[PDB]
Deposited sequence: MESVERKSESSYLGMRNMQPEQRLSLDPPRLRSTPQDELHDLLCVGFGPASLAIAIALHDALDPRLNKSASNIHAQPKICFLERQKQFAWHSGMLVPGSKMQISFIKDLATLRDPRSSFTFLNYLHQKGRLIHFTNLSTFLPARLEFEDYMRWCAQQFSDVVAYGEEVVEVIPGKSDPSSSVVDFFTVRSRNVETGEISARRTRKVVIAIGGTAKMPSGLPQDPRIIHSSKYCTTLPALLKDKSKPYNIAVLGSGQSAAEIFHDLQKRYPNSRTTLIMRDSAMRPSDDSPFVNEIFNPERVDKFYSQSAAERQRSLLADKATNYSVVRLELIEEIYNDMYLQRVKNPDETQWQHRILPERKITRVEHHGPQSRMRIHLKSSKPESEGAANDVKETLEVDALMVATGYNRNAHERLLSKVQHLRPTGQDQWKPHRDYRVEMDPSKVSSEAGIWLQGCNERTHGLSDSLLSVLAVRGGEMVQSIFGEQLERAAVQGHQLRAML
């Protein structure tokens, strides 16, 4: 069991964010310290800062009926050690549900179930996690101020409820803050225009009456757009929905066994060793495994609904739920006296008008939010560097004549270009957590 470190003490590690990636590190550290699992093994002074009030995993996209797109074996522990108490199967055993899960004959739990698994995991680390704390900046520190050597970092976080800044000092920092909502530059700001990440949380507040005949539009062609589009038909039974996509069709995610091997934990070494050109070419060739793609079973379900509409009415323009392929939004009118916005559409090749009460935007995420937190440490990078360069062990490159060997900053979840498509996913977290514990607490736990 991990014990709390007083705020005023110098930490060994401070992690920013407590989502899956950070939780995987916490679990890996527990396991590395467990004399039952690690026969070799003073507790390291560790703390996790999370802006949410309690543990949650993409709560705004927890659509009813939504399933995991990954095998349960690729949970937070199994691929590193199946004997771990933090496995999904052990979770089910602790819940009295293992025999019942077995009878489902599925590798893909509901997202709701997998979130509770991770919640059950996270709760066992409550003593070392500070919730309601949003990190605003990371600042370099010098134990000897008159020297020119940085040997610690001050991490400042704002309390979400109360608003005051708190400071914690640490030798090492991990940033695992996921991504920020990516919005098209052409779209204007409006409370009726909502990103996919806030679908379950903000949309019901805007459209209070669930029986009212609303017009709701969805922009995108990926898993989130398909999930939202399909869900709206259940959540708002009398609403007219529209899916808008640049591509000609919803295209299936590629989970075929040979292609799927790029997500193997050991393939991170092979991917990282490749040159920039070889890494850029590889990500593009395997784009159908993660980006702008939908699980085949969802596509088929949607297509079936589209076919039943055809049975009832051969006239496509009369359909309650429609898909408009090869379209882009030219302009949005949202200053009119009516409840609805006017969306203007044209061909996406190098058209109609829609009037809608709400526009759901499922255009993915940006993984650049760490830049804002690390502006004050940019000068510690090697001369001329304008991007953070993560090593194989995820430790960012810094000038060794400016930064002590005991001090470092690690990045997690934003290292796709260097580590592969599995970097932002749950695929390698169990193994990566294990690697991270070794990279950070290596020398400290070698003597045991």
Let me make sure I understand the coverage. Which parts of the deposited sequence, in order from the N-terminal end, have no C-alpha coordinates here?
1-29, 71-74, 384-392, 491-501
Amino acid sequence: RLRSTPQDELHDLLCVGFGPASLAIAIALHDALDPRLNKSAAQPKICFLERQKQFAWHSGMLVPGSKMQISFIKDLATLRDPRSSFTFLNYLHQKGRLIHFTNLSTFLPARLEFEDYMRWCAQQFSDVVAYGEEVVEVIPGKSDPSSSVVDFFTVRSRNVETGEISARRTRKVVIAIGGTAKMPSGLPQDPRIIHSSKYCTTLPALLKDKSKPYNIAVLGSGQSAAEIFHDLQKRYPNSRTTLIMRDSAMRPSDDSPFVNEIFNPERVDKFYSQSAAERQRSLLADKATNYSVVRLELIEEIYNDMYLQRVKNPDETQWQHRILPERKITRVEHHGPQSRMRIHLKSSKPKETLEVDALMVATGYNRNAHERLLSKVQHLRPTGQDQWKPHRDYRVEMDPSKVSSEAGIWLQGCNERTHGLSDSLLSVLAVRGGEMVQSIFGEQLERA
From here on, numbers count along this sequence of modelled residues.
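Heads up, when I say rigid core I mean the largest set of C-alphas that superpose within 1.5 Å between the two forms.
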Which stretch is less alike in 6 other deposited structures of this protein, 282-290 or 329-337, counting RMS CA distance after the rigid core is superposed?
329-337
The stretch whose C-alpha atoms carry the larger average B-factor in the entry, 316-324 or 270-278, is 270-278
Quick one: say whether 330-338 or 192-200 has the higher mean Cα B-factor in the deposited entry.
330-338
Checking the record values for 177, 228, 285, 245, which has the greatest CA B factor?
285
Using the entry's values, work out which of 75, 352, 301, 81 has the largest Cα B factor.
352
Ranking the modelled residues of this chain by C-alpha B-factor as given in the entry, is residue 125 in the lowest, middle or highest third?
lowest
Quick check on the deposited entry: does the C-alpha B-factor of residue 397 sit in the lowest, middle or highest third of its chain?
middle
Mind checking which third residue 41 falls in for C-alpha B-factor across the chain?
highest
Relative to the other modelled residues of the same chain, rank the CA B-factor of residue 184 and answer lowest, middle or highest third.
highest
Hey, what third does residue 105 fall into on Cα B-factor, ranked over its chain?
lowest
